[PDB]
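1. test case, fold it:
(one chain, ligands or ions: 1)
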Amino acid sequence: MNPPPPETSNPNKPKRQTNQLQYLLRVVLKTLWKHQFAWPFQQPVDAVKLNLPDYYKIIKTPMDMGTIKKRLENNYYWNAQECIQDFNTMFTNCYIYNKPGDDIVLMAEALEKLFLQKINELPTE
Ligand SMILES: O=C(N1CCc2sccc2C1)n1ccnc1
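-> Residues are numbered from 1 along each chain as shown. Structure data below:
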């Protein structure tokens, strides 16, 4: 059974657009999305479809790139650090649910390295 997906809008949360957040969408997220290993991360984990009934028994703060992309598109975040934390949550969830050497974990490790390379330097506000 699947929980509701994370929110992509929140009317009482203040919005912001910064050069860093624009770069996270146009360059970082959009580049990661094209990678051959990105597909497991492009939407919320479907535990009903994937026959993973214990996924949400274990992962209590779900995150995926589809949600991040919609958040960035909505100006949901106040700053880049908030968005970067949602990427880190997404990678960490994969490491928590799975074990070292698992195919899904190799995909996450490669994306995380690419992610870090791209966020090492961000634009200046
Ligand atoms: O175990 C899987 N997971 C497990 C954990 C995570 S975290 C982000 C995407 C996924 C997908 N599979 C297995 C087949 N496709 C995804």
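2. can we go C-alpha only for contacts and neighbour counts from here?
-> Fine.
3. helices of this structure, start to end?
-> 19-23, 30-33, 55-58, 65-73, 80-97, 103-119 (DSSP state H).
4. to the ligand, which of these lies closest?
-> helix 80-97 (3.7 Å; CA to the nearest ligand atom).
5. work out the gap between that closest one and the centre of the chain.
-> 6 Å (CA atoms, centre = their mean, to the nearest Å).
6. one more: stretch 30-45?
-> 9 Å.
7. repeat for stretch 75-88
-> Counting by CA atoms, centre = their mean, stretch 75-88 comes out at 10 Å from the chain centroid.
8. tell me, how many neighbours does residue 113 end up with?
-> Applying other CA atoms under 10 Å, we find 10 residues neighbouring residue 113.
9. spell out which parts of the chain neighbour the ligand.
-> The chain comes close to the ligand at residues 40-41, 45, 93-94, 97, 104, as judged by CA under 6 Å from any ligand atom.
10. could you give the number of residues near residue 1?
-> That count, for residue 1 with other CA under 10 Å as the rule, works out to 14.
11. for the ligand, see how far away it is.
-> Distance, residue 1 to the ligand, using CA to the nearest ligand atom, to the nearest Å: 15 Å.
12. quick check: that residue touching residue 49?
-> No. The criterion here is CA atoms under 8 Å, and residue 1 misses it with residue 49 at 9.4 Å.
13. circling back to that earlier point, nearest to residue 11 among the helices of the chain would be which one?
-> Closest to residue 11 of these is helix 65-73 (CA to CA; 12.5 Å).
14. how about the closest one: buried residues?
-> Across helix 65-73, burial judged by 16 or more other CA atoms under 10 Å covers 65-69, 71-73.
15. need the residues that contact it.
-> 6-9, 21-22, 25, 29, 33, 41-44, 77, 83, 86-87, 90 (CA atoms under 8 Å, 6 or more residues apart in numbering).
16. returning to what we had before: dump the residues of the chain next to the ligand to TSV, plus neighbour count.
-> Shown next, in TSV, are the residues of the chain next to the ligand (neighbours: other CA atoms under 10 Å):
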residue	neighbour count
40	15
41	22
45	19
93	20
94	20
97	14
104	16
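17. please consider this matter closed, and thank you.
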